[PDB]
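Residue numbers (the entry's author numbering), protein chains in the order written: chain B, 5 to 79, 114 to 371; chain A, 1 to 253; chain C, 169 to 223. In this text, a Cβ means the ideal position worked out from N, Cα and C, and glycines have one as well.
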Amino acid sequence: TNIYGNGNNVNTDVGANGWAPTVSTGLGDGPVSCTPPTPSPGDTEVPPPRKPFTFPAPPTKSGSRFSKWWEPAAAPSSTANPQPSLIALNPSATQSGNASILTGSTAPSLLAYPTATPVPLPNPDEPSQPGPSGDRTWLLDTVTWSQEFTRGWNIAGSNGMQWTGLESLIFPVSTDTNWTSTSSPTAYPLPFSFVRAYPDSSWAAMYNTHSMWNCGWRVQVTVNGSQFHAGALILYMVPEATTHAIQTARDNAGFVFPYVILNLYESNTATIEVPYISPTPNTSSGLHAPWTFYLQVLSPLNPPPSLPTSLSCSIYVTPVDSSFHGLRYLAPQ
Amino acid sequence: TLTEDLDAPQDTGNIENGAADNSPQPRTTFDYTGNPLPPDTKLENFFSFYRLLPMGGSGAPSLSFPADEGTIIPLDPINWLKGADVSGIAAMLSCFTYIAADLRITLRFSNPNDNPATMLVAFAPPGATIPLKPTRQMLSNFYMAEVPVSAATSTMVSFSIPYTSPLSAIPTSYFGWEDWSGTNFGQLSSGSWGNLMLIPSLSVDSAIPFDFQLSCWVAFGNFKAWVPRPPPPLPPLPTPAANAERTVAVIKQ
Amino acid sequence: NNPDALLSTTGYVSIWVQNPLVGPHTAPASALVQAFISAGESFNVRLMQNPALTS
């Protein structure tokens, strides 16, 4: 029994073996398959913040392989301990490059997906990464929460892209035409709406002139209601897709993404830690914004009577372990 | 066990953290025991079976291309989702953003007119310029197949296409542009598995050319899917209202 | 006498609102916030001079 019984446990060929001398033989043919390339070295950078930047492959040999014909010879959530309500103290803090955010009560904080291993970069260059500026916590628009929002209202500040903007955005990027309309905006794509409102910041200075960019993102929202308010929020941090394919007026199964309910009962705060998910090592600048941050309402907050109906909140967004590759003339975006 | 317990531990917890705890509570008088997982759940076993894809931008299941003209049959996983049905291969891949597999097509086509015929099926690896009007000589360099089709109808054929994309992972949804200057928003033409261009032929070359009709089954293999998304909506059952609560949860009472 | 001069200052501090007060309608209207300043560790000085306020 050699090279037989492939993709066991099922009556089908699962391509268990990428290649065998046996498959594709003249006598018999199986389905084809593939194997990993190992494009030798390159500044091994892929997902933050595991990127070492040191190239495993020898540098400058440029050996080549085939012999040229013109040369003669060459060579948690566990029920063991339950987090108390916001009455109890339970301190916590989440820092960053310089700015930091204290909190009381219980702060749900998670790391959405575990950090993947590094992979050799296709291009050969040294990435230029800036310590803060371009780190710390940048404050996006402070959005107002209102009582009249029903379930799944997609509340957002002044820096978000409008619903119809999520389709037919146009060129190039911000035209100010899709960002200003009656009733807006549904949500902010993370790469595009961060540069907006922060051209001065170095991260902003970069990502214009550097072409491909690499960043992991972490988003943090802070809502403190009085001990008597009741409500909830969700932070989806949806990976790239049109809203129409992602969610339409339903949001019922939408917990498959990262979520971290705010739940104004026991919590003042929520964070998310997201490694960046994009095809190819580095996305191109000025296009292809991979993460989009939605903020939704599970239950309408009904405030204590005789007190103001509105309630206020802010959103803190920051990069993690940024990098860039390649230079060019400045591009607006 | 022990039956009556004064001190038994509570079932309370917190679901606010992203992680959700699904372990069974140790209730008294209950012996909870794990179960082996039957191997219909794993992806690479579940996607190795053939399913029917919706053809073209819309108007599934079948495509009808008139004779003498080839159809390019785009394999973009982004084109399938457009006009995609609630149930089918179409909407199952909507659960994952990125997929990598060697896509195995089996296509069948039935010629209504009665003469035997031959289709010439070619695979243009992504990306590759598809000739605007294909010719037998030009179409042929790529890769060849000669499908004799029975005169009455229904002649099948299968194929095995390795994973050629340079994207490493092909997106099933892409938010951004393709061309630097141009528009083409919301899709990428270079992430996919080639295109199948196929040019019919008739030796008799009789009048009343007519139109061939086809449909194809597609089953991935050695499958990998990197990040999940929520599955598409399924229309719920109607409320009988005669005797409710038998099925369909009641609420708001 | 030359307060806005180099080596004589460092940057500004500040205290900004972010989320305004909320509370039941029994609770008081306002709450004061008092700010103490005490030199931490490593604070050092030298070179005696008469107190530089009167002068």
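Exposure of residue i, with buried meaning 16 or more beta-carbon neighbours within 10 Å
i	result
residue 401/B	Since the first residue of chain B shown is 5 and the last is 371, residue 401/B is not available in this structure.
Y354/B	buried
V261/B	buried
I161/A	buried
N115/A	exposed
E209/C	exposed
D179/A	exposed
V211/B	buried
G191/A	buried
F204/C	exposed
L174/C	exposed
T224/B	buried
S138/B	exposed
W176/B	buried
Option nearest residue i by Cα separation, candidates the options
i	options	result
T97/A	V294/B, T29/B, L302/B and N15/B	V294/B
residue 130/C	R214/C, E209/C and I183/C	Outside the shown range of chain C, which is 169 to 223, sits residue 130/C, and nothing can be said about it.
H282/B	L196/A, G182/A, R229/A and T118/A	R229/A
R234/B	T260/B, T220/B, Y274/B and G195/B	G195/B
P313/B	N243/A, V227/A and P236/A	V227/A
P61/A	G83/A, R104/A and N115/A	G83/A
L345/B	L336/B, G263/B and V14/B	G263/B
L148/B	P296/B, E75/B, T330/B and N306/B	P296/B
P35/B	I15/A, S48/A and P112/A	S48/A
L204/B	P370/B, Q258/B, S222/B and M250/B	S222/B
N141/A	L103/A, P233/A and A128/A	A128/A
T64/B	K55/B, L178/B and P45/B	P45/B
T202/B	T215/B, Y245/B and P210/B	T215/B
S352/B	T132/B, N306/B and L368/B	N306/B
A291/B	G324/B, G254/B, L336/B and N320/B	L336/B
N136/B	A327/B, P52/B and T356/B	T356/B
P40/B	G22/B, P53/B and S240/B	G22/B
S361/B	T180/B, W251/B, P62/B and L333/B	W251/B
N161/B	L365/B, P370/B and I125/B	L365/B
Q10/A	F232/B, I193/B and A118/B	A118/B
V218/A	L237/A, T106/A and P74/A	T106/A
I310/B	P343/B, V358/B and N340/B	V358/B
The ligand GDP heavy atom lying under 6 angstroms from the CB of residue i
i	result
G182/A	With respect to the ligand GDP, the structure offers nothing, as it holds no ligand at all.
Interface residues of chain B facing residue i [CB-CB closer than 7 angstroms]
i	result
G191/C	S264
residue 244/C	Lying outside 169 to 223, the shown extent of chain C, residue 244/C is not represented and no answer is given.
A169/A	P317
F185/A	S206 and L207
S160/A	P35 and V36
residue 274/A	Outside the displayed range of chain A (1 to 253) lies residue 274/A, so it cannot be described from this structure.
In DSSP terms, what residue i is bridged to
i	result
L234/A	DSSP output for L234/A lists no bridge partner at all.
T307/B	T260/B
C216/A	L107/A
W183/B	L349/B
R51/A	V218/A
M275/B	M275/B pairs with nothing; no bridge assigned.
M119/A	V147/A and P200/A
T356/B	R256/B
Contacts that residue i makes with chain A (C-beta to C-beta distance below 8 angstroms)
i	result
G292/B	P230
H326/B	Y174, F175, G176 and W177
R288/B	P233
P277/B	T97, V227 and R229
Beta-carbon neighbours of residue i, restricted to chain B and to distances below 9 angstroms
i	result
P219/C	The contacting residues do not exist; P219/C stays about 35 angstroms from chain B at best.
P188/C	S350
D21/A	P114, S115, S116 and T117
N45/A	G11, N13, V14, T16 and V18
Chain A contact residues for residue i, given Cβ-Cβ distances below 7 angstroms
i	result
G19/B	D102, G221 and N222
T280/B	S173, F175 and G186
Contact set between residue i and chain B, taken where Cβ atoms lie within less than 8 angstroms
i	result
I15/A	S115 and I299
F49/A	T16
Within chain C, partners of residue i - CB distance below 9 angstroms
i	result
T260/B	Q186 and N187
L345/B	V190, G191, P192 and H193
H267/B	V190
Chain-ordered chain C contacts of residue i [CB-CB under 8 angstroms]
i	result
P342/B	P192 and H193
Closer than 9 angstroms at the beta carbon, the chain A residues around residue i
i	result
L148/B	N17, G18 and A19
Which parts of the segment 195-241 of chain B are runs of the alpha helix (DSSP H), unbroken and 4 residues or longer, counting only runs that do not cross its ends? Those alpha helix (DSSP H) runs which fall completely within the segment 195-241 of chain B and span 4+ residues are 228-233.
May I have a chain-ordered list of the alpha helix (DSSP H) segments no shorter than 4 residues that lie completely inside the segment 59-96 of chain A? Counting only runs of 4 or more, we get 77-81 and 89-92.
Complete beta strand (DSSP E) runs within the segment 130-211 of chain A (minimum length 3 residues, chain order): 146-149 and 196-201
At 3 residues or longer, what runs of the beta strand (DSSP E) sit wholly inside the segment 116-158 of chain B? Listed in chain order, they are 130-132, 139-141 and 147-149.
What runs of the alpha helix (DSSP H), each 4 residues or longer, lie entirely inside the segment 286-343 of chain B? none
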